[PDB]
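So the sequences go chain by chain: P and Z.
Residue numbers are given in the working numbering: position 66 of the first sequence equals residue 66, and the series is strictly consecutive.
Residue numbers are given in the working numbering: position 79 of the second sequence equals residue 179, and the series is strictly consecutive.
Number of protein chains: 2
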Amino acid sequence: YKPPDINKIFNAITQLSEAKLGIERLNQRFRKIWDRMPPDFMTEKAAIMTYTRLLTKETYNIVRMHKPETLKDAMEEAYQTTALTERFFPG
Amino acid sequence: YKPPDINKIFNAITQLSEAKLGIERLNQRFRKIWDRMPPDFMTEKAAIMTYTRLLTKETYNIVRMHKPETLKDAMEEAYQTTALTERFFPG
């Protein structure tokens, strides 16, 4: 195992924004940084919180209906509102 | 009881800085905002984290020796480095 260095991780999440083009840039880097060694970082509800306040205001309105439970649902649901009427299908 | 409204609380902590004159301004408002309805906000270590990265760099160095455990120790220890060689004694 390794030492965690938590403060860079709170530093690295702070860079992410809505200037990132579309949801796919947001969901990718957040998979990169946040999954990199959380030993026990916070509870489930608080892990929603730092994710959700980052997001765009309109996407919070549609993800209000319905509200998700985990990050995976939140990452999926905020993707699906733009994945529907837009795609390039990768392989 | 009341609805919590968590997002204002993360908004209100963001205003605090090192432009606040001395530690006493920092420790007072943080007692006001953070104690106002945390139902279960986060774990103990994470509650250290949002407190500590706010603080001044030199105060992190002295509070490194020794590192505190709870917020109360952290609020006390970062006060004591300036409460020693400076006071107006209140009543």
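For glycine and all other residues, C-beta sits at the position ideal for the given N, C-alpha and C.
Item                                                                                                                                                                                     : Value
Once you ignore the five residues that flank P104 of chain Z on each side, which residues in its own chain have a CB closer than 8 Å to its CB?                                          : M137, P139
Hey, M175 of chain Z and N127 of chain Z: beta-carbon distance below 9 Å or not?                                                                                                         : yes
Quick check on DSSP: helix, strand or coil for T170 of chain Z?                                                                                                                          : coil
Along chain Z, which residues have their Cβ under 8 Å away from the Cβ of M65 of chain P?                                                                                                : Here the premise fails: no neighbours, minimum Cβ distance about 18 Å.
Taking the straight line between their C-alpha atoms, what separation do you get for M49 of chain P and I106 of chain Z?                                                                 : 8 Å
Enumerate, from N- to C-terminal direction, the unbroken alpha helix (DSSP H) stretches of 4 or more residues contained entirely within the segment 15-41 of chain P.                    : 23-34
Assign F88 of chain P to one of three DSSP states: helix, strand, or coil.                                                                                                               : coil
Within the same chain, show all residues whose beta-carbon is closer than 8 Å to that of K102 of chain Z, passing over the 5 residues directly before and after it, in chain order.      : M137
Report the three-state DSSP secondary structure of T182 of chain Z (helix, strand or coil).                                                                                              : helix
For residue 165 of chain P, count neighbouring C-beta atoms within 10 Å of its own C-beta (all shown protein chains included) and say buried if the count is 16 or more, exposed if not. : Chain P is shown only over 1 to 91; residue 165 of chain P falls outside these bounds and no answer can be derived.
Find the residues of chain P that neighbour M137 of chain Z, judging by a C-beta separation of less than 9 Å, and give them in chain order.                                              : In chain order: nothing, as chain P lies at least about 13 Å away.
In this structure, how does DSSP classify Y160 of chain Z when only helix, strand and coil are distinguished?                                                                            : helix
Could you please give the first and the last residue of the uninterrupted alpha helix (DSSP H) stretch that includes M165 of chain Z?                                                    : It is not in any alpha helix (DSSP H) - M165 of chain Z carries neither H nor E in the DSSP assignment.
Within its chain, find whatever has a CB closer than 7 Å to the CB of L54 of chain P; leave out the 5 residues flanking it on each side and keep chain order.                            : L16
Grab the span of the alpha helix (DSSP H) containing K145 of chain Z for me, first residue to last.                                                                                      : 144-152
Just the chain P side, please: which residues come within less than 9 Å of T143 of chain Z by C-beta, in chain order?                                                                    : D40, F41, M42, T43, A46
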